[PDB]
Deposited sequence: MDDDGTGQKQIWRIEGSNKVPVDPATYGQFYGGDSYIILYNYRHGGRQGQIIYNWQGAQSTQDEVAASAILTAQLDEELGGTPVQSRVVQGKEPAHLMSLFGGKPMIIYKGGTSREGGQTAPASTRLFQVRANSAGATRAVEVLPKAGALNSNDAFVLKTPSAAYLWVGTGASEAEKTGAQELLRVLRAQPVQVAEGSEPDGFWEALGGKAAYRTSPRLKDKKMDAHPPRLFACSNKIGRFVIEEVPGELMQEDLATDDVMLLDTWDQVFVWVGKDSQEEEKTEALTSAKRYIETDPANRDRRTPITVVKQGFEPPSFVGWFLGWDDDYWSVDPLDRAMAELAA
C-alpha cells in the first residue's frame, strides 16, 4: 500500500451491538479490551479507494467480535459494497494501518467497555511498554505497573498521580524513545528521563518496590536477526513447524502445542499445558537441527516462563490462562 495514510478516516468503537464514534481527538488510542472499525477514505495514483480495517483488541470478548461482524456487513452494504476489507488483530497491524495516525504511535490501553460493566476507569499508577519494530512502527501497550514488567529492549512510561518517568532500556531505539514522548504528551505529564541501571528511588517506589525484571544479553543489545517464533504441532497428523509473523504476543503461544523462540544466542522451547509428549520431543530434535546447520536450548513450561523469555513479548499477563 503506497498510500501515505493521510486520507480522511472515521474510527468507531464496538459498544454492545452498535458502533460508536471515537473522540476524533484520540484517534490513535485504542482500548485493548475493545474492537474497532476504521473507515479509511483515500486517493492514490489518481484513483479514490476505501478500506475498512476491523481492529480486534487482544482482550476483546467473543460477543464484541460477533457484533463487529454484523456492524461491518452493514457498513459495507451502506457504501454499496465498494471498499476493501481487512481483519486485523492487535499486534499484527500492517504498515499502512500504523501510518494512519500521522507518525504517532498506536497506544493501547488496559481495559475498555462491555455491556455489563460499561467503561472501566484508568488506574492511578500505570505503566506502558513502548516497542517499535524494524520498520519504525511503534506500539505503546499498557501493562501492570510492577517492577517485573520491564524489559531492557524497550522504553517504558510510568505515570503515578504525583510523577511521570521515561525509562529507557539499554536496548531501546530512538523510535521507542520518541514513541514514549508522544504517549507522555497524550497523558499530559512531564517526564523524568531515566536510563536503565541508574533509576532513582522514587521510580522503584512507584512500581511497588525494586525487583528483578525481563533482561538478557540479547534483550540489552542495542544493535539488533530479530527474534523468531515458531508453532510446533502434530494436530494435523504429523509434526510441523511454522513461523509466527508480526509482534510477539502472548496469544501467539498455542496452549496445546510447543513453541520455538529463537533469540539467536539461545533457543527457547515453550511447552503448552495441553501439548503432547511427542510434540516436545520432536521440537527438541528440530531446534537441535536448526542450530547444527550453522547455543543453549532452554526448555520452558506454560505458566513458569523465565524473565529472559517473557521480555520478548509485547505486554505479558500473569493471569492470562
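No C-alpha positions are given in the record for the deposited-sequence stretches 225-226, 297-303, 331-344.
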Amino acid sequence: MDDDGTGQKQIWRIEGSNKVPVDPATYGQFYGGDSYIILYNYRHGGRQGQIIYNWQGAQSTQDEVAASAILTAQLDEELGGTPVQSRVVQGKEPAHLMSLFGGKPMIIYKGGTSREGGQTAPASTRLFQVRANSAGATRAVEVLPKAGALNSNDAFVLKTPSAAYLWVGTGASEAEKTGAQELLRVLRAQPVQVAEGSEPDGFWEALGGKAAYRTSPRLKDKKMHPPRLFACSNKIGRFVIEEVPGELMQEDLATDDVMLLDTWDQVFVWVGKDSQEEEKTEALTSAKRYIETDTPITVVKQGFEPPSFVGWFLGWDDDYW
From here on, numbers count along this sequence of modelled residues.
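Per the records, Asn234 is among the residues left out by at least a third of the other compared entries, whereas the shown structure includes it.
Mean CA temperature factor is higher for 181-189 when stretches 128-136 and 181-189 are set side by side in the entry. Once the C-alpha B-factors are averaged per stretch, 171-179 and 98-106 rank with 171-179 first.
Each of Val143, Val84, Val88, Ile236 has a CA temperature factor in the record; the biggest one is found at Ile236. Comparing the C-alpha B-factors of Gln59, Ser68, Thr285, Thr26 in the entry, the top value falls on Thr285.
When the CA B factors of the chain's modelled residues are split into thirds, the value for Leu150 lands in the lowest one.
Ranked by Cα temperature factor within the chain, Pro296 sits in the highest third according to the deposited record. The entry lists a Cα temperature factor for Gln74 that places it in the lowest third of the chain's modelled residues. In the PDB entry, a CA B factor belonging to the middle third of its chain's modelled residues is recorded for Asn41. When the CA B factors of the chain's modelled residues are split into thirds, the value for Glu64 lands in the middle one.
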